[PDB]
Amino acid sequence: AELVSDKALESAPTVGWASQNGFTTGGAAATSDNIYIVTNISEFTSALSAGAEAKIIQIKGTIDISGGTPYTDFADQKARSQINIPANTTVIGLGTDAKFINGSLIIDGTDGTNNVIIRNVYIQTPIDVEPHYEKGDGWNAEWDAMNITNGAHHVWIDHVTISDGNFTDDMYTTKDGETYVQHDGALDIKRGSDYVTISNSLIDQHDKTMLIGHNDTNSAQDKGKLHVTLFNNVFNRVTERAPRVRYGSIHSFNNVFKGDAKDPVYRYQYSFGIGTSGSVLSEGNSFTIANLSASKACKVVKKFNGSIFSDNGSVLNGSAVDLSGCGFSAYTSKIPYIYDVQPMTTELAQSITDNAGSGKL
């Protein structure tokens, strides 16, 4: 098909881990036969069947992963809603409304998948039709909006929006006397995945958001991997994990975090979660948290079994913050790429907010 957007051939920026130890070009080298325009789930999976061949898949309108048939149970949702994105693929949205609903985009390196670009698309978090009950935790949902796993590497997520959208948590029902949680994580990066860059994106209205590194049996294999760079993104009405990381090394700069500690649906808990062997370098980030005092600024970061966290130049509710005394160890590994961290002013925060998300490429 014809290439509508010339911007589709662009590779990841010089800044970011997705451009370290190799480049993330997606399907920039695709032949005309591997350039597609898809308007439904059938055309989407057909295009994806090109495998590792460089391919550019242009999304037009809303793609219903369920194909119009609601999932009847877990097995059904597992069998039909998880869409694998193969190596050397660029999934780019056309215009202002490229969207995915009722499913998950999976970047699974178990088959060697790498070099993937997901850009200018909106992904509504899936609703698990059959949450499983966990002894001591209650109902737990299984599916996320996007999952990077099993060693997938060199992934660039740009101008993407992930939101609970049409079904927010205040709409949850109850089953057997417990809140029937049907949303799981939003964006997960785990199991040895590496070299990822998340830019100009928006995650809006969601609880358990971004988990980098999962508590697995042989997690030591995550050591020295899961390097993720996040810049110019907006995390709005997100309860927690932006991200919560274990083993991975996160570089989060000039992002906007907006929430309310008394939000009636997505009550802000914290932004950065410092888990086992995880590290986070926060720079020039903007935190606008309603009902959060400057005296409790340390609440933007939460310590789990990890220790490494450093912040430089961030601001909370219009005033600069000093988190050096929050109880964490210094982030010392040197960032390998050149990057421009600007002072977090009211205007920068506004610009980031105005530009973040899908439909703004």
Side-chain angles (χ1 to χ4, degrees), residues 162 185-187 189 198-199 201-213 226 228-246 248-332 335 339 341-346 348-353 356:
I162 299 179
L187 173 52
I189 303 180
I198 301 178
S199 61
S201 297
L202 163 72
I203 295 187
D204 166 77
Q205 305 179 78
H206 189 77
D207 186 355
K208 301 184 178 178
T209 308
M210 193 185 292
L211 191 62
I212 297 174
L226 293 167
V228 189
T229 301
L230 305 93
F231 69 82
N232 295 343
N233 301 297
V234 172
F235 298 96
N236 185 67
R237 307 276 308 286
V238 289
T239 301
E240 55 179 57
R241 311 179 179 186
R244 167 172 172 171
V245 58
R246 68 202 310 289
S249 295
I250 312 306
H251 186 200
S252 180
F253 70 94
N254 287 333
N255 289 298
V256 167
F257 303 79
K258 183 178 183 58
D260 185 346
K262 293 186 175 178
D263 194 303
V265 184
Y266 301 109
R267 191 188 186 188
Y268 181 76
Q269 297 296 302
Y270 67 89
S271 295
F272 298 126
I274 313 300
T276 301
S277 302
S279 55
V280 175
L281 174 58
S282 169
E283 296 183 287
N285 284 309
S286 171
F287 295 91
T288 300
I289 312 301
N291 298 299
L292 177 58
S293 170
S295 66
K296 301 275 186 52
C298 290
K299 291 188 175 183
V300 300
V301 54
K302 181 176 183 55
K303 185 178 184 175
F304 287 98
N305 288 310
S307 172
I308 308 170
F309 170 72
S310 291
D311 180 82
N312 298 141
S314 288
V315 304
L316 168 62
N317 301 334
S319 295
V321 294
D322 188 324
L323 309 178
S324 68
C326 295
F328 299 81
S329 296
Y331 183 111
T332 59
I335 299 297
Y339 64 95
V341 56
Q342 289 176 40
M344 183 43 79
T345 64
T346 298
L348 175 53
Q350 181 194 300
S351 181
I352 295 173
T353 300

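Index from 1, following the sequence. Quick note: numbers below take in every heavy atom, side chains included, and nothing from hydrogens, waters or symmetry partners.
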- Going through the checks in order, is the side-chain contact (heavy atoms from CB on, under 4.5 Å) test met by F328 and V301? CA-CA 10 Å; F328 299 81; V301 54; 3.5 Å; yes
- Message: Using only atom types and a distance under 3.5 Å, with no angle test, would you say the side chain of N255 pairs donor to acceptor with the backbone of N233?
- Response: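 Flag set: sc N255 to bb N233 pair under 3.5 Å.
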- Query: Between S201 and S199, is there a donor-acceptor pair closer than 3.5 Å when you use the side chain of the first and the backbone of the second?
  - Reply: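 Yes; at least one donor-acceptor contact below 3.5 Å.
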I want to check something: taking the side chain as every heavy atom from C-beta on, are [X] and [Y] in contact at a cut-off of under 4.5 Å?
{"X": "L292", "Y": "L316", "result": "yes"}
{"X": "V341", "Y": "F231", "result": "no"}
{"X": "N285", "Y": "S252", "result": "yes"}
{"X": "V321", "Y": "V300", "result": "no"}

- From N232 atom CG to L202 atom CG, the distance as rounded to the nearest 0.5 Å: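 Atom-to-atom, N232:CG and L202:CG are 13.0 Å apart.
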- Item | Distance (rounded to the nearest 0.5 Å) between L226 CG and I250 CD1 |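 So the gap between those two atoms works out to 7.5 Å.
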- Centroid-to-centroid, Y268 to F235, below 6.0 Å?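 Not under 6.0 Å, so no.
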- According to the interplanar angle, ranging from 0 to 90°, do the rings of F272 and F309 count as parallel (below 30°), tilted (30 to 60°) or perpendicular (above 60°)?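 Judged by the thresholds at 30° and 60°, the geometry between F272 and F309 is tilted.
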- Task: Take the angle between the ring planes of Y339 and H251 and call it parallel below 30°, perpendicular above 60°, tilted in between.
- Result: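 Geometry flag for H251 against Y339: perpendicular rings.
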- Item | Cation-pi, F304 ring and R244 (6.0 angstrom, 45 degrees) |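 Yes.
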